Amino acid sequence: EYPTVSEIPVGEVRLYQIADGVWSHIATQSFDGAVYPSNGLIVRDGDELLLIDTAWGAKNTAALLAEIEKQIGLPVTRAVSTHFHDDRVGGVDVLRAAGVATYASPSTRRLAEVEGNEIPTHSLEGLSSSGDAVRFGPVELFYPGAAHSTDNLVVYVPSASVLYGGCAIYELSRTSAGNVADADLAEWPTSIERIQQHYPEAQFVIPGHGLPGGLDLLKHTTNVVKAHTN
Ligand SMILES: NCCN[C@H]1CC[C@H](CC(=O)N[C@H]2Cc3cccc(C(=O)O)c3O[B-]2(O)O)CC1
Ligand SMILES: [Zn+2]
Ligand SMILES: [Zn+2]
Ligand SMILES: [Zn+2]
């Protein structure tokens with residue numbers, strides 16, 4: 001049903017429709033010689049589209065654009081990157097050049113600049129304190145606290161009870177810690193519990209990499225992070 005790493009060639013993107021006017025996008029990328037899948041979101045807002053995350057590099061993000069055009073055929077006008085790493089902002093220049101207004105928090109923009117990663121143009125205000133939520137069209141954006149990265153946002157689509165966790169939330173397949181050099185391991189579980197307290201109504205939970213699940217992915221992630229800590 002949900003597209004899998006093993007069914008997606010590196011360079012192609014697939015869409016999965018989760019509800020009316022809500023899709024995930026799935027791509028794959030090589031990292032240290034393994035192949036990973038990676039998810040983002042697409043959310044309809046009237047006659048245009050809001051994109052959440054790039055598809056992890058220029059080539060994948062151009063493909064995502066063409067796949068959106070062929071399967072949905074609405075224009076992407078805005079995009080939000082959920083943190084500063086390349087699976088979230090790699091492709092921002094491609095988006096900018098297609099006339100998409102690219103957004104991320106000041107924090108994310110700062111960290112991307114330092115890192116040498118592509119920098120979203122626009123700044124999302126009101127997200128600097130743990131627990132902050134802002135409305136961004138047909139979604140709510142939430143800063144739960146440091147976890148996978150200090151700047152990690154999550155995204156909730158109230159219309160469809162879809163919570164998009166990005167890299168702060170692990171799929172059930174991942175049973176040891178992923179890529180954590182920029183992580184706040186000590187605060188990651190407190191951050192997830194903020195997510196649980198703010199979106200206890202979420203039905204469909206999407207991790208940054210892999211298959212979606214329910215609110216159990218939050219508990220799963222907490223288990224994996226505490227086991228890594230120990
Ligand atoms: N100061 C640190 C040096 N800069 C470092 C900044 C991060 C980059 C690595 C990187 O690009 N990682 C992304 C791609 C990736 C790959 C595997 C698992 C995950 C996961 O989500 O678990 C994943 O997602 B990420 O967002 O983390 C290395 C240099
Ligand atoms: Zn990351
Ligand atoms: Zn603009
Ligand atoms: Zn990631």
Side-chain angles (χ1 to χ4, degrees), residues 5 10 24-40 48 50-58 60-61 75-105 107-125 136-137 143-155 164-185 187-188 191-192 205-212 217 220-225 227-229:
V5 41
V10 172
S24 63
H25 60 94
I26 311 87
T28 60
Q29 198 46 268
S30 290
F31 186 71
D32 269 324
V35 173
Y36 294 78
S38 178
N39 300 316
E48 57 191 57
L50 175 58
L51 176 61
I52 306 296
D53 289 327
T54 67
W56 198 350
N60 286 354
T61 304
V76 175
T77 57
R78 294 184 293 180
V80 174
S81 295
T82 59
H83 70 273
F84 75 93
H85 295 156
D86 285 321
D87 55 336
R88 310 300 134 192
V89 301
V92 155
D93 287 351
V94 168
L95 294 179
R96 191 180 291 111
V100 174
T102 56
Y103 283 76
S105 80
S107 175
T108 296
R109 288 180 79 263
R110 171 199 305 140
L111 288 161
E113 205 196 334
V114 159
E115 194 64 68
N117 288 347
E118 293 152 80
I119 302 157
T121 293
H122 288 258
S123 283
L124 303 160
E125 328 314 337
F136 201 74
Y143 175 57
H148 171 76
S149 61
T150 65
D151 65 318
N152 54 211
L153 301 185
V154 308
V155 185
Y164 171 76
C167 303
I169 307 307
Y170 288 176
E171 66 166 326
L172 300 179
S173 294
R174 164 176 291 292
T175 64
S176 58
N179 190 250
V180 293
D182 296 335
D184 192 330
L185 294 168
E187 294 292 334
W188 203 328
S191 300
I192 289 176
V205 174
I206 311 157
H209 305 278
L211 289 36
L217 296 198
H220 172 64
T221 302
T222 295
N223 298 157
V224 179
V225 168
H228 185 261
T229 292

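In listed order, ligands and their atoms are each counted from 1. Each residue takes its place number in the sequence, starting with 1.
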Nearest atoms (heavy-atom pairs only) where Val180 meets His228: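 Heavy atoms only, the tightest pair is CG2-CE1, 4.1 Å.
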Judged by modelled atom types alone, do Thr108 and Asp151 share a side-chain donor-acceptor pair under 3.5 Å?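 Their side chains do contain a donor-acceptor pair, which is all the 3.5 Å distance test asks for.
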Test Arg88 against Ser38 for side-chain hydrogen bond (donor to acceptor under 3.5 Å, both in side chains), laying out the working first. CA-CA 9 Å; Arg88 310 300 134 192; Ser38 178; 3.0 Å; yes
Calculate, to the nearest 0.5 Å, the distance between atoms CD1 and OG belonging to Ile119 and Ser81 respectively.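 If we round to the nearest 0.5 Å, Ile119:CD1 and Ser81:OG are 11.5 Å apart.
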Is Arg88 touching ligand 1 with its side chain, its backbone, both, or neither, if touching means heavy atoms under 4.0 Å apart?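 Within the 4.0 Å criterion, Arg88 makes no contact with ligand 1.
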Is the contact between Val180 and ligand 1 made by the side chain, the backbone, both, or neither, using heavy atoms and a 4.0 Å cut-off?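 The answer is neither.
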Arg174 touching ligand 1 at heavy-atom level, < 4.0 angstrom: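 The answer is no: ligand 1 sits nowhere under 4.0 Å from a heavy atom of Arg174.
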Contact check, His83 vs ligand 1, heavy-atom distance below 4.0 Å: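 Heavy atoms of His83 do come under 4.0 Å of ligand 1.
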Under-4.0 Å protein heavy-atom contact, atom 28 (C) of ligand 1: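 No, there is no protein heavy atom closer to it than 4.0 Å.
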State whether any protein heavy atom lies less than 4.0 Å from atom 2 (C) of ligand 1.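 Within 4.0 Å: yes, protein heavy atom nearby.
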Determine whether [X] and [Y] make a side-chain contact, defined as any pair of heavy atoms from C-beta on separated by less than 4.5 Å.
X	Y	answer
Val155	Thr82	yes
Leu50	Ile52	yes
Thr229	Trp188	no
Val94	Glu118	no

Starting from [atom], find the nearest protein heavy-atom neighbour and note its residue, name and distance.
atom	answer
atom 23 (C) of ligand 1	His209 NE2, 3.6 Å
atom 18 (C) of ligand 1	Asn179 CB, 3.5 Å
atom 14 (C) of ligand 1	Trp56 CZ2, 3.5 Å
atom 24 (O) of ligand 1	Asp87 OD2, 3.0 Å
atom 16 (C) of ligand 1	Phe31 CD2, 3.7 Å
atom 6 (C) of ligand 1	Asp182 OD2, 3.4 Å

Sub-3.5 Å donor-acceptor pair from the side chain of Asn39 to the main-chain atoms of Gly210, do we have one?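 Such a contact is found between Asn39 side chain and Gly210 backbone.
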Does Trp56 offer a backbone N or O that forms a donor-acceptor pair with the side chain of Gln29 under 3.5 Å?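 A pair under 3.5 Å: yes.
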What is the name of the N/O/S atom in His148 that sits closest to the Zn ion (ligand 2)?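 That would be atom NE2.
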Parallel, tilted or perpendicular: which fits the ring planes of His209 and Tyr36, with parallel below 30° and perpendicular above 60°?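 Perpendicular.
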Ligand 1 to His85 polar contact by distance, N or O atoms, under 3.5 Å: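 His85 vs ligand 1: N/O contact under 3.5 Å present.
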Sub-4.0 Å atoms of ligand 1 with respect to non-hydrogen atoms of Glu115: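 Near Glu115, meaning under 4.0 Å from one of its heavy atoms, ligand 1 has 4 (N), 6 (C).
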How about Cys167: does one of its N, O or S atoms come closer than 2.8 Å to the Zn ion (ligand 2)?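 It does not; every qualifying atom lies at 2.8 Å or beyond.
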If you have a sec, read the angle at the Zn ion (ligand 2) from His83 atom NE2 over to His85 atom ND1, to 10 degrees.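 Vertex at the Zn ion (ligand 2): approximately 100°.
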